[PDB]
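Shown below: coords05.tsv, with TSV, N, CA and C atoms and all ligand atoms.
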chain	number	residue	atom	x	y	z
Y	1	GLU	N	-8.65	-0.75	-14.37
Y	1	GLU	CA	-7.93	-0.19	-13.23
Y	1	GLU	C	-6.51	0.29	-13.64
Y	2	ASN	N	-5.60	0.43	-12.65
Y	2	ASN	CA	-4.23	0.90	-12.84
Y	2	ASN	C	-3.21	-0.26	-12.82
Y	3	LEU	N	-2.44	-0.40	-13.94
Y	3	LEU	CA	-1.46	-1.46	-14.18
Y	3	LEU	C	0.01	-1.02	-13.98
Y	4	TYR	N	0.24	0.07	-13.21
Y	4	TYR	CA	1.58	0.66	-12.95
Y	4	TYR	C	2.62	-0.36	-12.41
Y	5	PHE	N	2.20	-1.30	-11.54
Y	5	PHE	CA	3.08	-2.31	-10.94
Y	5	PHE	C	2.84	-3.71	-11.50
Y	6	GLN	N	1.74	-3.91	-12.25
Y	6	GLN	CA	1.38	-5.21	-12.77
Y	6	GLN	C	2.53	-5.83	-13.55
Y	7	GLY	N	2.88	-7.06	-13.16
Y	7	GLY	CA	3.94	-7.83	-13.78
Y	7	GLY	C	5.33	-7.53	-13.26
Y	8	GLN	N	5.45	-6.57	-12.30
Y	8	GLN	CA	6.74	-6.16	-11.73
Y	8	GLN	C	7.03	-6.87	-10.40
Y	9	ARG	N	8.32	-7.21	-10.21
Y	9	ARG	CA	8.88	-7.84	-9.02
Y	9	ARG	C	9.90	-6.90	-8.38
Y	10	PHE	N	9.75	-6.62	-7.08
Y	10	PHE	CA	10.66	-5.74	-6.36
Y	10	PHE	C	11.29	-6.40	-5.18
Y	11	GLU	N	12.50	-5.96	-4.87
Y	11	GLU	CA	13.17	-6.36	-3.65
Y	11	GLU	C	12.65	-5.41	-2.58
Y	12	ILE	N	12.29	-5.94	-1.42
Y	12	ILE	CA	11.77	-5.12	-0.33
Y	12	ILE	C	12.86	-4.81	0.69
Y	13	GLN	N	13.03	-3.52	0.98
Y	13	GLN	CA	14.00	-3.03	1.95
Y	13	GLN	C	13.33	-2.12	2.95
Y	14	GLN	N	13.77	-2.23	4.20
Y	14	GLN	CA	13.30	-1.40	5.30
Y	14	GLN	C	14.45	-1.28	6.27
Y	15	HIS	N	14.84	-0.04	6.60
Y	15	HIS	CA	16.00	0.27	7.46
Y	15	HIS	C	17.28	-0.36	6.83
Y	16	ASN	N	17.44	-0.17	5.51
Y	16	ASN	CA	18.57	-0.59	4.65
Y	16	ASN	C	18.78	-2.12	4.63
Y	17	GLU	N	17.80	-2.90	5.13
Y	17	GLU	CA	17.89	-4.35	5.14
Y	17	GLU	C	16.84	-4.95	4.23
Y	18	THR	N	17.24	-5.95	3.44
Y	18	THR	CA	16.34	-6.72	2.60
Y	18	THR	C	15.44	-7.59	3.51
Y	19	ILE	N	14.12	-7.50	3.32
Y	19	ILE	CA	13.18	-8.27	4.15
Y	19	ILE	C	12.33	-9.21	3.27
Y	20	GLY	N	12.63	-9.26	1.96
Y	20	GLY	CA	11.92	-10.11	1.01
Y	20	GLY	C	11.70	-9.51	-0.37
Y	21	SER	N	10.88	-10.20	-1.20
Y	21	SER	CA	10.50	-9.80	-2.56
Y	21	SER	C	8.98	-9.71	-2.67
Y	22	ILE	N	8.51	-8.87	-3.60
Y	22	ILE	CA	7.09	-8.69	-3.85
Y	22	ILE	C	6.88	-8.66	-5.36
Y	23	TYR	N	5.94	-9.46	-5.84
Y	23	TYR	CA	5.55	-9.51	-7.23
Y	23	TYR	C	4.09	-9.09	-7.33
Y	24	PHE	N	3.78	-8.11	-8.17
Y	24	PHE	CA	2.40	-7.66	-8.33
Y	24	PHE	C	1.75	-8.23	-9.57
Y	25	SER	N	0.58	-8.91	-9.43
Y	25	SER	CA	-0.18	-9.36	-10.60
Y	25	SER	C	-1.29	-8.37	-10.88
Y	26	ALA	N	-2.38	-8.80	-11.53
Y	26	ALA	CA	-3.49	-7.88	-11.74
Y	26	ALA	C	-4.20	-7.61	-10.40
Y	27	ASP	N	-4.40	-8.63	-9.53
Y	27	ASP	CA	-5.15	-8.43	-8.27
Y	27	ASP	C	-4.40	-8.59	-6.96
Y	28	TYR	N	-3.27	-9.32	-6.95
Y	28	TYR	CA	-2.58	-9.57	-5.69
Y	28	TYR	C	-1.11	-9.23	-5.70
Y	29	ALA	N	-0.59	-8.90	-4.52
Y	29	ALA	CA	0.84	-8.79	-4.29
Y	29	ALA	C	1.24	-10.15	-3.79
Y	30	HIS	N	2.27	-10.74	-4.41
Y	30	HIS	CA	2.76	-12.06	-4.02
Y	30	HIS	C	4.07	-11.81	-3.24
Y	31	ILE	N	4.02	-12.07	-1.93
Y	31	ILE	CA	5.11	-11.74	-1.02
Y	31	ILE	C	5.92	-12.99	-0.68
Y	32	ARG	N	7.26	-12.84	-0.76
Y	32	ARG	CA	8.21	-13.86	-0.34
Y	32	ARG	C	9.10	-13.23	0.72
Y	33	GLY	N	8.79	-13.46	2.00
Y	33	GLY	CA	9.57	-12.96	3.14
Y	33	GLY	C	10.09	-14.12	3.95
Y	34	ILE	N	9.76	-14.18	5.28
Y	34	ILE	CA	10.08	-15.34	6.14
Y	34	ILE	C	9.25	-16.51	5.63
Y	35	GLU	N	8.05	-16.16	5.13
Y	35	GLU	CA	7.09	-17.10	4.54
Y	35	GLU	C	6.48	-16.47	3.31
Y	36	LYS	N	5.65	-17.23	2.60
Y	36	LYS	CA	4.92	-16.74	1.43
Y	36	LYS	C	3.58	-16.19	1.87
Y	37	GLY	N	3.10	-15.18	1.17
Y	37	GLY	CA	1.78	-14.63	1.45
Y	37	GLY	C	1.21	-13.88	0.28
Y	38	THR	N	-0.07	-13.57	0.34
Y	38	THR	CA	-0.70	-12.76	-0.70
Y	38	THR	C	-1.47	-11.65	-0.03
Y	39	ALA	N	-1.63	-10.55	-0.76
Y	39	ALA	CA	-2.37	-9.40	-0.29
Y	39	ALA	C	-3.09	-8.75	-1.46
Y	40	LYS	N	-4.41	-8.51	-1.30
Y	40	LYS	CA	-5.19	-7.78	-2.31
Y	40	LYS	C	-4.60	-6.38	-2.41
Y	41	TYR	N	-4.54	-5.82	-3.62
Y	41	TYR	CA	-3.98	-4.48	-3.82
Y	41	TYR	C	-4.61	-3.86	-5.05
Y	42	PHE	N	-4.45	-2.55	-5.16
Y	42	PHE	CA	-4.77	-1.74	-6.32
Y	42	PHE	C	-4.03	-0.44	-6.23
Y	43	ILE	N	-3.85	0.21	-7.38
Y	43	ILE	CA	-3.16	1.50	-7.48
Y	43	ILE	C	-4.13	2.52	-8.04
Y	44	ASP	N	-4.16	3.72	-7.45
Y	44	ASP	CA	-4.98	4.81	-7.94
Y	44	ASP	C	-4.10	6.02	-8.19
Y	45	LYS	N	-4.21	6.57	-9.41
Y	45	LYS	CA	-3.50	7.79	-9.78
Y	45	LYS	C	-4.49	8.92	-9.72
Y	46	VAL	N	-4.22	9.89	-8.84
Y	46	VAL	CA	-5.06	11.07	-8.70
Y	46	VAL	C	-4.12	12.27	-8.81
Y	47	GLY	N	-4.37	13.08	-9.83
Y	47	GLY	CA	-3.53	14.22	-10.16
Y	47	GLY	C	-2.20	13.71	-10.69
Y	48	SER	N	-1.11	14.12	-10.04
Y	48	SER	CA	0.25	13.75	-10.41
Y	48	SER	C	0.75	12.55	-9.61
Y	49	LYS	N	0.16	12.31	-8.42
Y	49	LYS	CA	0.59	11.23	-7.53
Y	49	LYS	C	-0.17	9.90	-7.70
Y	50	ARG	N	0.55	8.78	-7.44
Y	50	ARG	CA	0.05	7.40	-7.44
Y	50	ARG	C	0.04	6.87	-6.02
Y	51	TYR	N	-1.00	6.09	-5.67
Y	51	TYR	CA	-1.12	5.56	-4.32
Y	51	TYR	C	-1.34	4.08	-4.37
Y	52	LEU	N	-0.63	3.35	-3.48
Y	52	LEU	CA	-0.78	1.92	-3.33
Y	52	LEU	C	-1.79	1.66	-2.23
Y	53	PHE	N	-2.80	0.84	-2.53
Y	53	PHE	CA	-3.81	0.36	-1.59
Y	53	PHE	C	-3.50	-1.10	-1.35
Y	54	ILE	N	-3.12	-1.52	-0.14
Y	54	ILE	CA	-2.76	-2.93	0.06
Y	54	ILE	C	-3.28	-3.46	1.41
Y	55	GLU	N	-3.72	-4.74	1.41
Y	55	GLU	CA	-4.15	-5.43	2.62
Y	55	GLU	C	-2.98	-5.58	3.53
Y	56	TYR	N	-3.23	-5.73	4.82
Y	56	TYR	CA	-2.19	-5.96	5.81
Y	56	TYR	C	-1.45	-7.28	5.53
Y	57	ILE	N	-0.10	-7.25	5.59
Y	57	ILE	CA	0.76	-8.42	5.43
Y	57	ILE	C	1.32	-8.71	6.81
Y	58	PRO	N	1.02	-9.86	7.44
Y	58	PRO	CA	1.51	-10.08	8.82
Y	58	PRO	C	3.01	-10.37	8.89
Y	59	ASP	N	3.62	-10.08	10.06
Y	59	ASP	CA	5.07	-10.24	10.28
Y	59	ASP	C	5.50	-11.72	10.33
Y	60	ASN	N	4.55	-12.69	10.28
Y	60	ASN	CA	4.93	-14.10	10.14
Y	60	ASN	C	5.25	-14.35	8.64
Y	61	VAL	N	4.87	-13.40	7.76
Y	61	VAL	CA	5.13	-13.44	6.32
Y	61	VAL	C	6.22	-12.41	5.97
Y	62	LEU	N	5.97	-11.12	6.28
Y	62	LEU	CA	6.90	-10.05	5.98
Y	62	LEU	C	7.31	-9.36	7.26
Y	63	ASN	N	8.55	-9.59	7.67
Y	63	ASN	CA	9.03	-9.06	8.94
Y	63	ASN	C	9.54	-7.62	8.80
Y	64	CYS	N	8.60	-6.68	8.88
Y	64	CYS	CA	8.84	-5.24	8.79
Y	64	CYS	C	8.40	-4.57	10.10
Y	65	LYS	N	8.87	-3.32	10.34
Y	65	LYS	CA	8.52	-2.55	11.53
Y	65	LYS	C	7.01	-2.23	11.52
Y	66	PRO	N	6.29	-2.52	12.62
Y	66	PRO	CA	4.83	-2.34	12.61
Y	66	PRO	C	4.30	-0.93	12.35
Y	67	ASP	N	5.07	0.13	12.67
Y	67	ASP	CA	4.57	1.49	12.46
Y	67	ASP	C	4.52	1.87	10.95
Y	68	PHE	N	5.04	0.99	10.08
Y	68	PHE	CA	4.89	1.10	8.62
Y	68	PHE	C	3.38	1.05	8.29
Y	69	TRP	N	2.61	0.30	9.11
Y	69	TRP	CA	1.17	0.11	8.97
Y	69	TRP	C	0.36	1.26	9.61
Y	70	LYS	N	1.04	2.29	10.15
Y	70	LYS	CA	0.35	3.46	10.69
Y	70	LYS	C	0.12	4.46	9.55
Y	71	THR	N	-1.00	4.27	8.81
Y	71	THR	CA	-1.32	5.07	7.62
Y	71	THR	C	-2.83	5.13	7.38
Y	72	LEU	N	-3.26	6.02	6.44
Y	72	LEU	CA	-4.66	6.18	6.02
Y	72	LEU	C	-5.25	4.81	5.57
Y	73	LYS	N	-6.50	4.54	5.95
Y	73	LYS	CA	-7.16	3.29	5.57
Y	73	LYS	C	-8.32	3.55	4.63
Y	74	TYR	N	-8.52	2.60	3.71
Y	74	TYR	CA	-9.58	2.59	2.72
Y	74	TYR	C	-10.34	1.27	2.84
Y	75	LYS	N	-11.68	1.35	2.85
Y	75	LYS	CA	-12.55	0.18	2.96
Y	75	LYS	C	-13.52	0.11	1.78
Y	76	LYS	N	-13.29	-0.91	0.93
Y	76	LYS	CA	-14.10	-1.28	-0.23
Y	76	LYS	C	-14.55	-2.68	0.02
Y	77	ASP	N	-15.87	-2.90	0.03
Y	77	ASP	CA	-16.53	-4.17	0.34
Y	77	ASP	C	-16.19	-4.56	1.79
Y	78	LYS	N	-15.54	-5.71	1.99
Y	78	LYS	CA	-15.20	-6.19	3.33
Y	78	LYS	C	-13.71	-6.11	3.57
Y	79	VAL	N	-12.94	-5.78	2.53
Y	79	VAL	CA	-11.49	-5.69	2.63
Y	79	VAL	C	-11.05	-4.25	2.95
Y	80	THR	N	-10.21	-4.14	4.00
Y	80	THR	CA	-9.55	-2.93	4.47
Y	80	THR	C	-8.15	-2.85	3.83
Y	81	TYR	N	-7.84	-1.71	3.21
Y	81	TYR	CA	-6.55	-1.45	2.55
Y	81	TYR	C	-5.77	-0.38	3.29
Y	82	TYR	N	-4.44	-0.55	3.36
Y	82	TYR	CA	-3.48	0.41	3.92
Y	82	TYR	C	-2.94	1.21	2.73
Y	83	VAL	N	-3.06	2.55	2.78
Y	83	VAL	CA	-2.74	3.42	1.65
Y	83	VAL	C	-1.34	4.08	1.78
Y	84	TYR	N	-0.53	4.00	0.69
Y	84	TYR	CA	0.82	4.56	0.64
Y	84	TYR	C	1.03	5.40	-0.57
Y	85	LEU	N	1.76	6.50	-0.39
Y	85	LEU	CA	2.17	7.30	-1.52
Y	85	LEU	C	3.32	6.56	-2.17
Y	86	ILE	N	3.20	6.28	-3.48
Y	86	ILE	CA	4.27	5.65	-4.22
Y	86	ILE	C	5.21	6.75	-4.72
Y	87	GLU	N	6.48	6.74	-4.27
Y	87	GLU	CA	7.45	7.71	-4.81
Y	87	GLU	C	8.41	6.98	-5.73
Y	88	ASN	N	8.55	7.46	-6.95
Y	88	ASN	CA	9.46	6.85	-7.92
Y	88	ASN	C	10.65	7.78	-8.07
Y	89	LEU	N	11.82	7.38	-7.57
Y	89	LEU	CA	13.00	8.25	-7.65
Y	89	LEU	C	13.66	8.25	-9.02
Y	90	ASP	N	13.77	7.08	-9.67
Y	90	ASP	CA	14.55	6.99	-10.92
Y	90	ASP	C	14.22	5.71	-11.74
Y	91	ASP	N	13.05	5.11	-11.49
Y	91	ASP	CA	12.53	3.87	-12.14
Y	91	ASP	C	13.25	2.61	-11.67
Y	92	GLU	N	14.06	2.75	-10.62
Y	92	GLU	CA	14.78	1.63	-10.01
Y	92	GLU	C	14.43	1.61	-8.54
Y	93	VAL	N	14.59	2.76	-7.85
Y	93	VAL	CA	14.32	2.92	-6.42
Y	93	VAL	C	12.94	3.56	-6.24
Y	94	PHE	N	12.08	2.89	-5.49
Y	94	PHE	CA	10.73	3.35	-5.17
Y	94	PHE	C	10.51	3.38	-3.65
Y	95	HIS	N	9.63	4.27	-3.16
Y	95	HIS	CA	9.22	4.26	-1.76
Y	95	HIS	C	7.74	4.05	-1.65
Y	96	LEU	N	7.36	3.37	-0.57
Y	96	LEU	CA	5.98	3.20	-0.13
Y	96	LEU	C	5.93	4.07	1.10
Y	97	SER	N	5.39	5.29	0.97
Y	97	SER	CA	5.41	6.21	2.11
Y	97	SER	C	4.06	6.34	2.76
Y	98	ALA	N	4.00	6.14	4.10
Y	98	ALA	CA	2.79	6.25	4.91
Y	98	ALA	C	2.24	7.67	4.84
Y	99	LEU	N	0.91	7.75	4.88
Y	99	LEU	CA	0.13	8.98	4.84
Y	99	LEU	C	-0.44	9.27	6.21
Y	100	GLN	N	-0.89	10.52	6.43
Y	100	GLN	CA	-1.54	10.96	7.65
Y	100	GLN	C	-2.91	10.31	7.75
Y	101	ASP	N	-3.26	9.80	8.95
Y	101	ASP	CA	-4.54	9.13	9.19
Y	101	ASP	C	-5.57	10.14	9.73
Y	102	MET	N	-6.86	9.73	9.86
Y	102	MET	CA	-7.95	10.60	10.32
Y	102	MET	C	-8.73	10.02	11.48
Y	103	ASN	N	-9.48	10.90	12.17
Y	103	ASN	CA	-10.38	10.56	13.26
Y	103	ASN	C	-11.82	10.37	12.70
Y	104	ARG	N	-11.94	9.58	11.61
Y	104	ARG	CA	-13.21	9.24	10.94
Y	104	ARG	C	-13.11	7.86	10.23
Y	105	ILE	N	-14.27	7.32	9.78
Y	105	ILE	CA	-14.43	6.02	9.11
Y	105	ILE	C	-13.56	5.96	7.81
Y	106	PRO	N	-13.10	4.75	7.37
Y	106	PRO	CA	-12.23	4.70	6.17
Y	106	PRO	C	-12.91	5.25	4.92
Y	107	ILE	N	-12.11	5.89	4.06
Y	107	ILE	CA	-12.56	6.48	2.80
Y	107	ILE	C	-13.22	5.39	1.91
Y	108	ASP	N	-14.36	5.72	1.26
Y	108	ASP	CA	-15.06	4.77	0.37
Y	108	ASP	C	-14.89	5.16	-1.12
Y	109	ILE	N	-14.19	6.30	-1.38
Y	109	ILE	CA	-13.90	6.82	-2.72
Y	109	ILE	C	-12.38	6.94	-2.83
Y	110	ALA	N	-11.75	5.98	-3.54
Y	110	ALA	CA	-10.29	5.88	-3.72
Y	110	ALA	C	-9.61	7.25	-3.96
Y	111	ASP	N	-10.14	8.07	-4.89
Y	111	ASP	CA	-9.60	9.38	-5.26
Y	111	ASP	C	-9.49	10.36	-4.06
Y	112	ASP	N	-10.32	10.19	-3.00
Y	112	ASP	CA	-10.33	11.07	-1.82
Y	112	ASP	C	-9.09	10.91	-0.90
Y	113	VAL	N	-8.18	10.01	-1.26
Y	113	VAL	CA	-6.94	9.75	-0.53
Y	113	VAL	C	-5.94	10.92	-0.74
Y	114	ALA	N	-6.04	11.60	-1.89
Y	114	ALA	CA	-5.21	12.75	-2.26
Y	114	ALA	C	-5.41	13.94	-1.32
Y	115	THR	N	-6.55	13.98	-0.58
Y	115	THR	CA	-6.89	15.06	0.36
Y	115	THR	C	-5.96	15.01	1.59
Y	116	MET	N	-5.15	13.94	1.70
Y	116	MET	CA	-4.21	13.70	2.78
Y	116	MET	C	-2.76	13.78	2.32
Y	117	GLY	N	-1.92	14.40	3.14
Y	117	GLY	CA	-0.49	14.51	2.89
Y	117	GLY	C	0.26	13.34	3.50
Y	118	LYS	N	1.60	13.31	3.32
Y	118	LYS	CA	2.48	12.28	3.88
Y	118	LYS	C	2.46	12.31	5.40
Y	119	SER	N	2.77	11.18	6.03
Y	119	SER	CA	2.86	11.08	7.48
Y	119	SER	C	4.11	11.82	7.93
Y	120	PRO	N	4.09	12.54	9.09
Y	120	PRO	CA	5.30	13.27	9.52
Y	120	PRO	C	6.46	12.33	9.86
Y	121	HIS	N	6.16	11.08	10.25
Y	121	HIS	CA	7.17	10.06	10.54
Y	121	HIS	C	7.30	9.16	9.31
Y	122	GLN	N	8.45	9.28	8.63
Y	122	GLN	CA	8.73	8.56	7.39
Y	122	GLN	C	9.84	7.52	7.56
Y	123	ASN	N	10.41	7.40	8.76
Y	123	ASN	CA	11.52	6.48	9.02
Y	123	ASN	C	11.18	4.98	8.80
Y	124	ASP	N	9.88	4.57	8.89
Y	124	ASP	CA	9.55	3.16	8.67
Y	124	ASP	C	9.08	2.91	7.24
Y	125	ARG	N	9.41	3.81	6.32
Y	125	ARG	CA	8.98	3.67	4.93
Y	125	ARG	C	9.61	2.45	4.28
Y	126	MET	N	8.89	1.87	3.36
Y	126	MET	CA	9.38	0.73	2.61
Y	126	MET	C	10.11	1.20	1.37
Y	127	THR	N	11.18	0.51	0.98
Y	127	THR	CA	11.90	0.80	-0.27
Y	127	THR	C	11.72	-0.41	-1.17
Y	128	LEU	N	11.24	-0.17	-2.38
Y	128	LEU	CA	11.10	-1.24	-3.38
Y	128	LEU	C	12.15	-1.01	-4.46
Y	129	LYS	N	12.98	-2.02	-4.75
Y	129	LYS	CA	14.04	-1.90	-5.77
Y	129	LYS	C	13.68	-2.80	-6.90
Y	130	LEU	N	13.44	-2.22	-8.09
Y	130	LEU	CA	12.96	-2.94	-9.28
Y	130	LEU	C	13.95	-3.99	-9.76
Y	131	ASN	N	13.41	-5.21	-10.09
Y	131	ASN	CA	14.18	-6.35	-10.60
Y	131	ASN	C	14.15	-6.39	-12.14
I	1	CL	CL	-13.77	3.84	-5.36

Re-express the file's structure as structure tokens.
Ligand SMILES: [Cl-]
Amino acid sequence: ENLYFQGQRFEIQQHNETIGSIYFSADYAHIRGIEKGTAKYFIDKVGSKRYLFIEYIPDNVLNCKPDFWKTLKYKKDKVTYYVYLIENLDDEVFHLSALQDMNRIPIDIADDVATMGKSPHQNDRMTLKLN
């Protein structure tokens, strides 16, 4: 698979406020917010862009604005993933940007996420700052 974030720890920011830390291993995001949590994840590079596929993290763990979760969904096996465009500004500042959703069943081919552009509302985007 894709090891772009594997072994990396980021500070999580939303609306210029720190809301916790996230550490990515081979299979899970390890979240330290109000509480600890884990989320299955994977990264897919299609063309020039990279996309983060991540399970929902509840606000009892990571207290972020709920419309951050308004994005394209991917379903592999029984786990549903929330898909984000990873933007790398300078190898320090990263964004998790929500994508446009569809009026159809979740994508079953990871690469087919590229057929969708960014969400018109980007104000609830996550900022990851590399440690
Ligand atoms: Cl796939």

Interatomic distance (Å, one decimal) between atom C of residue 71 (chain Y) and atom N of residue 119 (chain Y): 8.4 Å

Within 6.5 Å of ligand CL 1 (chain I) (all atoms listed in the file), residues as a PyMOL selection string: chain Y and resi 108-111

Dump N, CA and C atoms for the selected residues as a compact mmCIF listing (two decimals), in the coordinates of the input?
# COMPACT_ATOMS: atom_id res chain seq x y z
N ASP Y 108 -14.36 5.72 1.26
CA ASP Y 108 -15.06 4.77 0.37
C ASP Y 108 -14.89 5.16 -1.12
N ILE Y 109 -14.19 6.30 -1.38
CA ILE Y 109 -13.90 6.82 -2.72
C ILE Y 109 -12.38 6.94 -2.83
N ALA Y 110 -11.75 5.98 -3.54
CA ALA Y 110 -10.29 5.88 -3.72
C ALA Y 110 -9.61 7.25 -3.96
N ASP Y 111 -10.14 8.07 -4.89
CA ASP Y 111 -9.60 9.38 -5.26
C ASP Y 111 -9.49 10.36 -4.06

Selection: 9 Å around residue 105 (chain Y), only C-alpha atoms, excl. self and same-chain fewer than 2 positions, as a VMD selection string: chain Y and resid 73 to 75 102 to 103 107 to 108

Write the residues of the preceding selection, restricted to N, CA and C atoms, as a compact mmCIF listing (two decimals), in the coordinates of the input.
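Saved result, result.txt, follows:
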# COMPACT_ATOMS: atom_id res chain seq x y z
N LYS Y 73 -6.50 4.54 5.95
CA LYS Y 73 -7.16 3.29 5.57
C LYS Y 73 -8.32 3.55 4.63
N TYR Y 74 -8.52 2.60 3.71
CA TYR Y 74 -9.58 2.59 2.72
C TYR Y 74 -10.34 1.27 2.84
N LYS Y 75 -11.68 1.35 2.85
CA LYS Y 75 -12.55 0.18 2.96
C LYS Y 75 -13.52 0.11 1.78
N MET Y 102 -6.86 9.73 9.86
CA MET Y 102 -7.95 10.60 10.32
C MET Y 102 -8.73 10.02 11.48
N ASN Y 103 -9.48 10.90 12.17
CA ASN Y 103 -10.38 10.56 13.26
C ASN Y 103 -11.82 10.37 12.70
N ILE Y 107 -12.11 5.89 4.06
CA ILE Y 107 -12.56 6.48 2.80
C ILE Y 107 -13.22 5.39 1.91
N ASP Y 108 -14.36 5.72 1.26
CA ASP Y 108 -15.06 4.77 0.37
C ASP Y 108 -14.89 5.16 -1.12

Spatial neighbours of residue 7 (chain Y), max dist 5 Å, all atoms listed in the file, sep filter under 2 positions, as a ChimeraX atom specification: /Y:5,9,24-25

Shortest interatomic distance to residue 82 (chain Y) - which of Y:131, Y:6, Y:60, Y:100, counting only C-alpha atoms: Y:100

Shell around residue 87 (chain Y) at 8 Å using only N, CA and C atoms, local window under 3 positions removed, as a ChimeraX atom specification: /Y:50-52,84,90-91,93-97

For those residues, write N, CA and C atoms to a file as a compact mmCIF listing (two decimals), in the frame of the given file.
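Output file result-v8.txt is given in full below:
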# COMPACT_ATOMS: atom_id res chain seq x y z
N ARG Y 50 0.55 8.78 -7.44
CA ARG Y 50 0.05 7.40 -7.44
C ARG Y 50 0.04 6.87 -6.02
N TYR Y 51 -1.00 6.09 -5.67
CA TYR Y 51 -1.12 5.56 -4.32
C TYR Y 51 -1.34 4.08 -4.37
N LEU Y 52 -0.63 3.35 -3.48
CA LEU Y 52 -0.78 1.92 -3.33
C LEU Y 52 -1.79 1.66 -2.23
N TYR Y 84 -0.53 4.00 0.69
CA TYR Y 84 0.82 4.56 0.64
C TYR Y 84 1.03 5.40 -0.57
N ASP Y 90 13.77 7.08 -9.67
CA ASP Y 90 14.55 6.99 -10.92
C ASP Y 90 14.22 5.71 -11.74
N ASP Y 91 13.05 5.11 -11.49
CA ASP Y 91 12.53 3.87 -12.14
C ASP Y 91 13.25 2.61 -11.67
N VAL Y 93 14.59 2.76 -7.85
CA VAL Y 93 14.32 2.92 -6.42
C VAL Y 93 12.94 3.56 -6.24
N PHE Y 94 12.08 2.89 -5.49
CA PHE Y 94 10.73 3.35 -5.17
C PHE Y 94 10.51 3.38 -3.65
N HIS Y 95 9.63 4.27 -3.16
CA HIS Y 95 9.22 4.26 -1.76
C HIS Y 95 7.74 4.05 -1.65
N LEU Y 96 7.36 3.37 -0.57
CA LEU Y 96 5.98 3.20 -0.13
C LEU Y 96 5.93 4.07 1.10
N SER Y 97 5.39 5.29 0.97
CA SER Y 97 5.41 6.21 2.11
C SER Y 97 4.06 6.34 2.76

Please reconstruct the missing atoms of region 120-131 of chain Y (target: N, CA, C and O atoms) and return them as a PDB file, keeping the file's coordinate frame.
ATOM      1  N   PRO Y 120       4.090  12.540   9.090  1.00  0.00           N
ATOM      2  CA  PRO Y 120       5.300  13.270   9.520  1.00  0.00           C
ATOM      3  C   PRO Y 120       6.460  12.330   9.860  1.00  0.00           C
ATOM      4  O   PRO Y 120       7.601  12.704   9.663  1.00  0.00           O
ATOM      5  N   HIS Y 121       6.160  11.080  10.250  1.00  0.00           N
ATOM      6  CA  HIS Y 121       7.170  10.060  10.540  1.00  0.00           C
ATOM      7  C   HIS Y 121       7.300   9.160   9.310  1.00  0.00           C
ATOM      8  O   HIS Y 121       6.373   8.394   8.993  1.00  0.00           O
ATOM      9  N   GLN Y 122       8.450   9.280   8.630  1.00  0.00           N
ATOM     10  CA  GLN Y 122       8.730   8.560   7.390  1.00  0.00           C
ATOM     11  C   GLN Y 122       9.840   7.520   7.560  1.00  0.00           C
ATOM     12  O   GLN Y 122      10.165   6.828   6.613  1.00  0.00           O
ATOM     13  N   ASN Y 123      10.410   7.400   8.760  1.00  0.00           N
ATOM     14  CA  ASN Y 123      11.520   6.480   9.020  1.00  0.00           C
ATOM     15  C   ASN Y 123      11.180   4.980   8.800  1.00  0.00           C
ATOM     16  O   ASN Y 123      12.099   4.208   8.517  1.00  0.00           O
ATOM     17  N   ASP Y 124       9.880   4.570   8.890  1.00  0.00           N
ATOM     18  CA  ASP Y 124       9.550   3.160   8.670  1.00  0.00           C
ATOM     19  C   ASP Y 124       9.080   2.910   7.240  1.00  0.00           C
ATOM     20  O   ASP Y 124       8.480   1.877   6.964  1.00  0.00           O
ATOM     21  N   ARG Y 125       9.410   3.810   6.320  1.00  0.00           N
ATOM     22  CA  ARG Y 125       8.980   3.670   4.930  1.00  0.00           C
ATOM     23  C   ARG Y 125       9.610   2.450   4.280  1.00  0.00           C
ATOM     24  O   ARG Y 125      10.734   2.044   4.596  1.00  0.00           O
ATOM     25  N   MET Y 126       8.890   1.870   3.360  1.00  0.00           N
ATOM     26  CA  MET Y 126       9.380   0.730   2.610  1.00  0.00           C
ATOM     27  C   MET Y 126      10.110   1.200   1.370  1.00  0.00           C
ATOM     28  O   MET Y 126       9.667   2.159   0.756  1.00  0.00           O
ATOM     29  N   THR Y 127      11.180   0.510   0.980  1.00  0.00           N
ATOM     30  CA  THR Y 127      11.900   0.800  -0.270  1.00  0.00           C
ATOM     31  C   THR Y 127      11.720  -0.410  -1.170  1.00  0.00           C
ATOM     32  O   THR Y 127      11.961  -1.555  -0.751  1.00  0.00           O
ATOM     33  N   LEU Y 128      11.240  -0.170  -2.380  1.00  0.00           N
ATOM     34  CA  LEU Y 128      11.100  -1.240  -3.380  1.00  0.00           C
ATOM     35  C   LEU Y 128      12.150  -1.010  -4.460  1.00  0.00           C
ATOM     36  O   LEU Y 128      12.258   0.108  -4.958  1.00  0.00           O
ATOM     37  N   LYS Y 129      12.980  -2.020  -4.750  1.00  0.00           N
ATOM     38  CA  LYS Y 129      14.040  -1.900  -5.770  1.00  0.00           C
ATOM     39  C   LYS Y 129      13.680  -2.800  -6.900  1.00  0.00           C
ATOM     40  O   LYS Y 129      13.563  -3.999  -6.686  1.00  0.00           O
ATOM     41  N   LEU Y 130      13.440  -2.220  -8.090  1.00  0.00           N
ATOM     42  CA  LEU Y 130      12.960  -2.940  -9.280  1.00  0.00           C
ATOM     43  C   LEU Y 130      13.950  -3.990  -9.760  1.00  0.00           C
ATOM     44  O   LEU Y 130      15.154  -3.729  -9.798  1.00  0.00           O
ATOM     45  N   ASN Y 131      13.410  -5.210 -10.090  1.00  0.00           N
ATOM     46  CA  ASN Y 131      14.180  -6.350 -10.600  1.00  0.00           C
ATOM     47  C   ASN Y 131      14.150  -6.390 -12.140  1.00  0.00           C
ATOM     48  O   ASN Y 131      13.110  -6.649 -12.755  1.00  0.00           O
TER      49      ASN Y 131
END
